[PDB]
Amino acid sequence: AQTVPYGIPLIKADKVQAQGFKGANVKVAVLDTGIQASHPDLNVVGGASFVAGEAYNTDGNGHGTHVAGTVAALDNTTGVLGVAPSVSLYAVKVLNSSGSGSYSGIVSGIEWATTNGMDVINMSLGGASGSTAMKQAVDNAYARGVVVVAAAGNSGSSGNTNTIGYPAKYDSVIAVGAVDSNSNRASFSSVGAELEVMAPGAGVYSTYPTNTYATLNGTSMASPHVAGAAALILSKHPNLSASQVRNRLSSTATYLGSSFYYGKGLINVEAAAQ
């Protein structure tokens, strides 16, 4: 009863998995509303919580479980299939049950990920202005070899206005926009010079609490595809640096139009993991 979401063959993650590279031994931190660790299609092996009275391995919202399942839903006979199903998945709870998080909470999560040897940080979240503490946290993670990925934002387009949010707008972070099953830009996908790559973000079917599945839209859904793609590359070529993995993802992306709207284009993990 396993369903393959359209995004896994669209980014050509199925081709890399067919080679035998599934993210094994790669540590991916999902900085979000936590993850329902008891979900039969997910395997959470650690993490931390920077939210009040919530454990890292629970998700009272659902967003974090959905994002995690796009990266890591298990290759079995149930539910869905993640981009990198064999990754070492870590739940870093930085957003509360209502989805809200503070800059200091995000900073605490990024620093945890850097100190605990994470290979990839996924941040399906955004703020309008950023901070010196937040810039410092993402710059240090990337300088210390972490591939840092974030949702570009869901602020759409208005003339030539740059609508990329933070942390995606920082140069040390991969800003991920959203395309649909036809590789067409989702109208809500943020635009600007920092838009780096696109990934599926419309009608993304993934894991959801409690022990179920849901279809969601957002650059939040696009971002874990690129996080998972980074893990596939690293499971095949573990000695590549974070900038080398990042440059493979942007260099081999399928051109879809103007970089203002699409960045380098839709990621192609088959070409990126060559």
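Start at 1 and count along the sequence shown; that's the residue number.
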| task | Between 177-185 and 131-139, name whichever shows the higher mean Cα B factor according to the PDB entry. | result | 131-139
| field | Entry-level comparison of average CA B-factors, 222-230 and 209-217, reporting the higher stretch | value | 209-217
| task | Could you look up the Cα B-factor of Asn162 in the entry and say which third of the chain it sits in: lowest, middle or highest? | result | middle
| query | By its CA B factor, does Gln19 count among the lowest, middle or highest third of the modelled residues in the chain? | reply | highest
| Sorting the chain's CA B-factors, does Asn154 end up in the lowest, middle or highest third? | lowest
| request: Would you please rank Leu74 by its C-alpha temperature factor against the other modelled residues of its chain and give the third it falls in: lowest, middle or highest? | output: highest
| task | State the tercile, meaning the lowest, middle or highest third, of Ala55 with respect to the CA B-factors recorded for its chain. | result | highest
